[PDB]
Amino acid sequence: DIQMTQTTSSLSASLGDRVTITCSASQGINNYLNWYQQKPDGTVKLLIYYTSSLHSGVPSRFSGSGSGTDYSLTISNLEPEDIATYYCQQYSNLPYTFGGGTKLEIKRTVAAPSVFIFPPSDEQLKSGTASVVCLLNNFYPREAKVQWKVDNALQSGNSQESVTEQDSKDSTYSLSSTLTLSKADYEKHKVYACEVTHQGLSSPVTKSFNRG
Amino acid sequence: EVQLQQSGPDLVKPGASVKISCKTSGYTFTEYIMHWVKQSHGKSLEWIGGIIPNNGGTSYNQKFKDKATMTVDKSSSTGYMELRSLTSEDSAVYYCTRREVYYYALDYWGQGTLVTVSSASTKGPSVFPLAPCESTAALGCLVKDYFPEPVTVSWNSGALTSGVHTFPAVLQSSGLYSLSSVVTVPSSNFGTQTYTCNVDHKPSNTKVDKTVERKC
């Protein structure tokens, strides 16, 4: 089997930058090399076929190059909608084989999150569990510290975070932090607070509610 | 317009087998080879095999000769792929693709089909409102304690799209999934519309609308 190596699997680039994604085959593949784009939602598109030909409807800032074992996908000037994982595929021999992929991280200017906190509903509480959600909306870069404080006591070990993929329009992230407590623990405390530290914020932002 | 409509997510038992369909349309089904591709979570694409629909002739990646069977039905214009003796290594997204002759490439791809292989039982999500106890207002729904992936979430049956973030699921220490879907609205545009999240968990046949009450 021909192995397709994409050594760089995570690549950052600024909007407007020239971006190069490389692929090497274990042996010569005679230009029988296609490029695919997979968006964060799992949809796949053909970009380039036979090393260099644009697929119908693909913008012209995309080009393909190389021969023998070494191939490149170049994006002449990065657009926000280019956030994706890029894959090579040889069709010189069966079985068809794919590189490991290269994921783009788009670098844009700093944007601080806006922050929201949500108390648990009675509909949830009545079943024995409180989920408290803190939302960080439309920020860059990815790095953010989210600290939960209950009656001003710093919490540890009782929250989980999730982050969206970079937005295809504004290249930002959004993040949820969820604090899980038993109903009985939820009801022993008054003030639920999430404190957010980020490069876009000149000092930490705190959002809170009072139960009862 | 060429379209490849794959069948829905599927939970299936270790040792069981599962059939996936790829309903095609916008092109003569018989005039194009169909290939299948696997993608394990956080991983790259693996070619499984291709089928000539016109005469049913098949080509398999040797790694899948014991796993996969590709067949067609020329009448419904539908390709099928059956995976047998499933283990948790079969847990993946499966794609169907069309081959174009130009110089060969996979020019159209299905949306993919998530197969989970597990002993654990299906479980529908509970859906709870996220409402505040400023320039913009936020609300959402918490989609809690479901198995397996995936859920889909929409707002006002697809009419509300911008400001929407549906977070990826986290595996909880219970082995159940949970996620939140939020929307932000500029304060001024808040009190026009109502806000209802529509949550679909196909593996459990759960469909749940939750109206998130704006406070009075």
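1. Focus: the overall build of chain B
Then comes step 1: Looking only at helices and strands, chain B has 1 helix and 19 strands in total.
Then comes step 2: Here the C-alpha coordinates of chain B stretch approximately 65 × 40 × 30 Å along the principal axes.

2. Describing the interface of chain B and chain A
Then comes step 1: Of the residues lining the interface, 43 residues belong to chain B; the matching set on chain A comes to 42 residues.
Then comes step 2: Those elements giving two or more residues to the side of chain B that touches chain A turn out to be β4 (34–39), β5 (45–51), β10 (104–109), β12 (126–130), β13 (136–146), β15 (164–166), β16 (170–171) and β17 (177–186) of chain B.
Then comes step 3: Ranked by residue count, the leading element in the side of chain B that touches chain A is β13(B), at 6 residues.
Then comes step 4: Considering only residue class, the side of chain B that touches chain A consists of 26 nonpolar, 11 polar and 6 charged.

3. What about the domain arrangement of chain B?
Residue and element names in this part refer to chain B.
Then comes step 1: Domain annotation for chain B reports domain 1 (3–117) and domain 2 (126–211).
Then comes step 2: On a C-alpha basis, the centres of domain 1 and domain 2 stand 31 Å from each other.
Then comes step 3: On the domain 2 side, the residues contacting the 4 residues of domain 1 number 6 residues.
Then comes step 4: Carbon and sulfur atoms supply 88% of the area buried between domain 1 and domain 2, which totals about 420 Å² over both sides.
Then comes step 5: Summed over the three residues of domain 1 that lose the most area to domain 2, namely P9, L11 and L114, the buried surface amounts to 77% of that side.
Then comes step 6: Remark: the boundary between domain 1 and domain 2 carries 0 salt bridges.
Then comes step 7: Between the two partners, domain 1 and domain 2, sit 0 residue pairs in polar contact.

4. Things to note about the sheet that holds strand β18 (residues 191–197) of chain A
Residue and element names in this part refer to chain A.
Then comes step 1: Spatially, the 4 strands line up as an open sheet ordered β15-β14-β18-β19, and their pairing is antiparallel. Strands with a single pairing partner mark the edges of an open sheet, and in this sheet they are β15 (153–154) and β19 (205–210).
Then comes step 2: Sheet analysis places strand β14 (residues 145–150) next to β18, joined by 6 bridges and oriented antiparallel. The residue of β18 that forms the bridge with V146 is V196.

5. So, the side chain of A:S176
Then comes step 1: With respect to the helices and strands, the residue A:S176 is situated in strand β17 (residues 173–182).
Then comes step 2: In contact with A:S176, other than residues within four places in its own chain, are A:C134, A:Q160, A:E161, A:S162 and B:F167.

6. Quick look at the pattern of salt bridges
Where charged atoms of side chains with opposite charge meet at close range, the side chains can pair.
Then comes step 1: Per the counting criterion, the structure on display carries 13 salt bridges over all chains.
Then comes step 2: Notably, a salt bridge pairs A:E165 with A:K103, separated by 2.6 Å at the nearest N-O pair. Of the two residues, A:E165 sits in the loop between β16 (159–163) and β17 while A:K103 sits in strand β11 (residues 102–107), which places them 62 residues apart along the sequence.
Then comes step 3: By relative accessible area, which is 33% here, A:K103 ends up partly exposed.
Then comes step 4: Residue B:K65 pairs with B:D66 through a salt bridge whose shortest N-O separation is 4.0 Å.

7. Notes on the sheet that holds strand β7 (residues 62–67) of chain A
Residue and element names in this part refer to chain A.
Then comes step 1: Pairing in this open sheet of 4 strands is antiparallel, and the strands run β1-β3-β8-β7 from one edge to the other. With one partner strand each, in any of the chains shown, β1 (4–5) and β7 form the two edges of the open sheet.
Then comes step 2: Pairing analysis gives 2 bridges linking β1 to strand β3 (residues 19–25), with the strands arranged antiparallel. Residue pairing in the sheet places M4 in a bridge with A25 of β3.

8. Topic: the domain arrangement of chain A
Residues and elements named next belong to chain A.
Then comes step 1: Domain assignment breaks chain A into domain 1 (4–107) and domain 2 (114–210).
Then comes step 2: Look at where the C-alpha atoms of domain 1 and domain 2 centre, and you get two points 37 Å apart.
Then comes step 3: Counting residues at the interface gives 10 residues for domain 1, matched by 8 residues for domain 2.
Then comes step 4: A combined buried area of about 710 Å² lies between domain 1 and domain 2, and 42% of that area is made up of carbon and sulfur atoms.
Then comes step 5: Our count for the domain 1 to domain 2 interface comes out at 1 salt bridge.
Then comes step 6: Taken together, the residues of the side of domain 1 that touches domain 2 break down into 5 nonpolar, no polar and 5 charged.

9. What about the side chain of B:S204?
All names here are of chain B.
Then comes step 1: Looking at where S204 falls in the secondary structure, it is placed in the loop between β18 (196–201) and β19 (206–211).
Then comes step 2: Taking relative accessible area as the criterion, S204 reaches 18% and is therefore assigned buried.
Then comes step 3: A polar contact is formed between the side chain of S204 and the side chain of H201, at a distance of 2.8 Å.
Then comes step 4: Side-chain polar atoms of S204 contact the side chain of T206, separated by 2.6 Å.
Then comes step 5: When residues no more than four places from it in sequence are discounted, the contact partners of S204 are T122, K123, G124 and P125.

10. Some details on the state of the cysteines
Residue and element names in this part refer to chain B.
Then comes step 1: Taken as a whole and judged by the stated rule, the model has 4 disulfides over all chains.
Then comes step 2: The disulfide partner of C141 is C197, and the S-S distance across this bridge is 2.0 Å. With the S-S dihedral at roughly -90°, the linkage between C141 and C197 falls on the left-handed side. Within this pair, whereas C141 is found in strand β13, its partner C197 is found in strand β18, the two being separated by 56 residues in sequence.
Then comes step 3: On the basis of relative accessibility, which here comes to 0%, the residue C141 falls in the buried class.
Then comes step 4: What makes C197 buried here is its relative accessible area of 0%.
Then comes step 5: For chain B, numbering the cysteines in disulfides from first to last along the sequence yields the connectivity 1-2, 3-4.
Then comes step 6: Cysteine pairing in chain A follows 1-2, 3-4, where each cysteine in a disulfide is numbered by its order in the sequence.

Here is what the cut-offs are and how they apply
- Residues numbered from 1 in each chain as written, not as in the entry; some residues may be left out.
- Chains lettered and ligands numbered in written order.
- Heavy atoms only, no water.
- Residues with missing side-chain atoms left out of burial classes, pairs and counts.
- Helix = DSSP H or I, 4+ residues; strand = E, 2+ residues; numbered from the N terminus.
- Contact = heavy atoms within 4.5 Å.
- Nonpolar A, V, L, I, M, F, W, Y, C, P; charged D, E, K, R; others polar.
- Domains from an automatic or database assignment.
- Buried area = accessible area lost by both parts, 1.4 Å probe.
- Salt bridge = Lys/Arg side-chain N within 4 Å of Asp/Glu carboxyl O.
- Polar contact = N/O pair within 3.5 Å; in protein donor to acceptor, adjacent residues only side chain to side chain.
- Pairing = 2+ DSSP bridges.
- Buried < 20%, exposed > 50% of the residue type's maximum accessible area, 1.4 Å probe, protein only.
- Disulfide = S-S within 2.5 Å.

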